[PDB]
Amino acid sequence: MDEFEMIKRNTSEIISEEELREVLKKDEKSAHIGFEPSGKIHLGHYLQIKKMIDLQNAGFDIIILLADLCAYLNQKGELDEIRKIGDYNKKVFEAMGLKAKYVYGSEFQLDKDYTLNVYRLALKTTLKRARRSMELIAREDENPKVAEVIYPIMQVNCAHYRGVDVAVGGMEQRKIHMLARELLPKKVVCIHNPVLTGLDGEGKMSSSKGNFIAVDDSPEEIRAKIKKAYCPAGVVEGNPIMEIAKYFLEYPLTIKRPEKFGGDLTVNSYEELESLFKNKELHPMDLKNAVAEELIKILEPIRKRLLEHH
């Protein structure tokens, strides 16, 4: 499995593969990702940090942008409190094993030269395009604010100012990234990770929607969250439990079952798991049990590293 294929594993799209292949030849190459700081760090975050680790193992210098200023524009509170949550997020990401450079957006996003280019980009970006780019990111607001259309330009200029080779994010970011590729003289390679479904199956996993597993949830919390989750027999699309099996579990995987329900089942790949589940050969309750227990084990070192701090 080449470095390209390691990077591509479990991504939704790379814009573009040819461009990534050219970046991979260089000795010095940088990848970055920004996060609005979040009170809880969940599996959606972890999926993305795992992708940054892949890039790091492929020789990329990694930068994690603690996006305090964009969080501010997106109505998450006061900068000082946002920054505090940002420092906590850094600790969690470090507990996930990511050794990287962490920078607050506001360290550079208020520089006169940054601002002037934001205003320069504002002349080239229609209100219509800016709002469309924010549809999956902007806080719900019946009276949308000017801040909502500043946010995407801020993000677009961020890739430019810092000179990054590769930008990583969830698929929600793809319209802002498309805008950046259209407006900036250097085209940034964009790696988009899938958006995980919330545990109740009704929307996307989100720290503000209460439908997530946090990386530091207790084992009994993880078990109860998964026990309650949407997981219809034979359906994989929009099935959060199957997504967790796909994106976080190591294979081969042994699903423990009572003898009276078939006894223990060993699954050599997610793909085999998907066949078993689609064929209603594997029952939701047994899938849930295996997913819960293997997820607890995967998250335990993170939870424990954070616990050692207390």
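Heads up: residue numbers just count along the shown sequence, starting at 1.
As the entry records it, the average C-alpha temperature factor is higher for 23 to 31, out of 23 to 31 and 61 to 69.
The stretch 274 to 282 shows the higher mean C-alpha B-factor when 37 to 45 is compared against 274 to 282 in the entry.
Note on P219, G105, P232, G169: the highest value goes to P232, judged by CA B factor as recorded. Going by the entry's values, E202 shows the largest Cα B-factor out of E148, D165, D87, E202. The PDB entry assigns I53 a C-alpha temperature factor belonging to the lowest third of its chain's modelled residues.
Ranked against the other modelled residues of its chain, the C-alpha B-factor of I244 as given in the entry falls in the lowest third. In the deposited entry, the Cα temperature factor of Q109 sits in the middle third of values across the chain's modelled residues. When the modelled residues of the chain are ordered by their C-alpha B factor, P144 lands in the middle third. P194: CA B factor lies in the middle third for its chain, per the PDB record.
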